[PDB]
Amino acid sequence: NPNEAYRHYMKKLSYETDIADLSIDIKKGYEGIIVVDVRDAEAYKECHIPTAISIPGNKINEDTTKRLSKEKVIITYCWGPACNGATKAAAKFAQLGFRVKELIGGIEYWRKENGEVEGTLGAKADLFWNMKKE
């Protein structure tokens, strides 16, 4: 029924955010969020989203987030739609008592949507995770 549907979509929206919404908070300098790149350290060093900090997914714990305020909202992101990293991170952040949303689209679509990137390689970095690279 309509009511059940409404609750469903709203709830789904409460656990996520898209490239468009993020691009606005960054552009307006909203400080109510902390953008966290949960991919590999070297991946972040080569290319990452503006204002984002690095915290590889397997490194999320009390020590690596001691400086993060529980008053803000954590936005996690991985490579893209084909990655589950952002989701695994969200669970860990949540377990640590944070309010968290996962970015849908990842850095892949942030770039496809013509977003700016920072890093050692920038727009020259690989668009996708390379399963064979390692």
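Numbering starts at 1 and follows the sequence shown.
Tell me, please, which of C83, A90, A52, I55 has the highest C-alpha B factor according to the deposited entry?
Highest C-alpha B-factor among the listed residues goes to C83.
Could you place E42 in the lowest, middle or highest third of its chain by Cα temperature factor, using the values in the record?
Within its chain, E42 is a highest-third residue by C-alpha B-factor, going by the deposited values.
Compared with the other modelled residues in the chain, in which third is the CA B-factor of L13?
Middle third, going by the recorded CA B-factors of the chain.
In terms of the chain's CA B-factor thirds, is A125 lowest, middle or highest?
Highest third.
Ordered by C-alpha B-factor within the chain, which third holds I24? Give me lowest, middle or highest, please.
Within its chain, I24 is a highest-third residue by C-alpha B-factor, going by the deposited values.
Per the entry's values, where does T64 land by CA temperature factor relative to the rest of its chain, in the lowest, middle or highest third?
Middle third by C-alpha B-factor.
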